[PDB]
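Okay, here we've got a single chain as structure tokens, the form solved without the RNA, with questions on binding and movement later.
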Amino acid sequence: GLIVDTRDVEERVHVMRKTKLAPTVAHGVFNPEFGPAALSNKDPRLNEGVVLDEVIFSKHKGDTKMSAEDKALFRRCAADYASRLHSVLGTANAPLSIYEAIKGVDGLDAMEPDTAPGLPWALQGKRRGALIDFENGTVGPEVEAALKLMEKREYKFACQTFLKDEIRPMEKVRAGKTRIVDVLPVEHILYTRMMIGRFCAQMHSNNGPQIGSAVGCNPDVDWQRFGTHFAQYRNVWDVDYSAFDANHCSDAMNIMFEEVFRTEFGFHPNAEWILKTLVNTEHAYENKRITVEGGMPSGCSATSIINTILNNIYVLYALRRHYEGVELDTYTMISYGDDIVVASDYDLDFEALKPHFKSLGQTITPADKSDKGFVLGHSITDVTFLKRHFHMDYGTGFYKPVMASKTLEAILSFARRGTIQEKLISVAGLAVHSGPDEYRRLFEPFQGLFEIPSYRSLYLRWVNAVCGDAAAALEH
């Protein structure tokens, strides 16, 4: 995005805390090159002269202006992807009821009852529970009033900026590259869910290469589905972006929203409008109010679908800008926000697409970290997606999501205080795919102190999870 105004203000949005993450017993064994992100300017691990306030917003270097020809190409690519999307999903996109918006529907989780409420409710000491009855799926009078302002397209708002208290590579910790989440007002989230919730549910239910989205996938079971699909292609690419979310230009975002969320596809006219409120945003951080043009508000969960849709349109755009006769079936892909796997039987030159992605304000590199850029001949067993590799289990022949051992060492090395037992059982579910020897090694530090699930128990759970009849067949 482009920072068009930075001004000081009364009311500090107090967003410089201490980490709830503490080292575990594993920290001293593994000595990871990771640590909690800096949550304070006075953090002694920060490099000399690094200001948190400056670095967290440094990703906003501009709002790339696309030419008329490029915008008309982008619109064709958006309308072509939308055609595919709404063909698979259908056009049952009537607004969600307030009850359904809060409680969710099949394929869409209920709203979180006690997460951050956003502005100005955070400054008035009003928690989410004060504004919305999540039990009954009803709203208080303030949310009710704000919903009626959005009906009229008169709603205005500020994004509350929170630092992401999490583990980061030590080099990113020192450089002050703390990640941020933009918390929009709870009523804005409610209304967005009203406008596109049915669509969001359908995309979760229909995740797969056909719609180019892994949002709402279960890697445990869906790696088999994904792996057998990409294994069929001569060429597979994993594509790295630099600040994908920030670098979505106003032109791209606006056109995507216009082509994807049309009334003719069953959407309320206001679906396009509430999404378009994401383009030109005001961000509250401490005493600062930063106005940005372009980019998606920072996040993962809340913005996954939009980022995934843009990734799909970007690949069609980039290939059509370089080659003639490119259609959706020229390649296959799956995306989860900025994360992407692309495959084609065609020898697509991804190295030559770099300038074409640059016309969208996006910088692509091979995920590989090759000294050269993109190459042909890569397969599904070479790539990373959701921090997971695709490897066949020798026992069953099924693809399993294998995470890098260094990443599992880092995850096991820190925990929120009092959560260690819960975290071990969760991370065991990830580490089981590393094999029995590495699984044993990763949890050795915790043996005798916590309950570590047997490798055997999680392996048997997994085989049943991915194919029920296969597990049954082994008792022939």
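Residue positions are given as counts along the sequence shown, with the first one as 1.
One more form of this protein, solved in complex with the RNA, exists but is not displayed; see below.
Q: Verify the flagged residues 112, 128 and 218 against the RNA in the entry with it bound: is each one within 4.5 Å by a non-hydrogen atom?
A: All of them do, each having a heavy atom within 4.5 Å of the partner.
Q: If we define contact as a non-hydrogen atom of the residue within 4.5 angstroms of the partner, is residue 193 a contact of the RNA in the entry with it bound?
A: So residue 193 counts as contacting the RNA.
Q: Is it the case that residue 56, even though its partner is missing from this view, gets within 4.5 Å of the RNA in the entry with it bound, heavy atoms only?
A: Contact with the RNA, no.
Q: Mark residue 12 yes when one of its heavy atoms lies within 4.5 Å of a heavy atom of the RNA in the entry with it bound, and no otherwise.
A: No, no contact at 4.5 Å.
Q: Do residue 301 and the RNA share at least one heavy atom pair within 4.5 Å in the entry with it bound?
A: Residue 301 belongs to the contact set for the RNA.
Q: Taking the RNA in the entry with it bound as the reference, which of 164, 276, 225, 76 has a non-hydrogen atom within 4.5 Å?
A: It is 164 that has a heavy atom within 4.5 Å of the partner.
Q: Counting non-hydrogen atoms within 4.5 angstroms of the RNA in the entry with it bound, say which of 259, 251, 272, 339 makes the cut.
A: Selected option: 339.
Q: Choose one stretch from 78-86, 350-358, 363-371, 293-301: the one whose residues place a heavy atom within 4.5 angstroms of the RNA in the entry with it bound.
A: Selected stretch: 293-301.
Q: Since the partner is left out here, which residues of 402-436 would have a heavy atom within 4.5 Å of the RNA in the entry with it bound?
A: Result: 403, 407, 411, 416, 419, 422, 423, 426, 427, 430.
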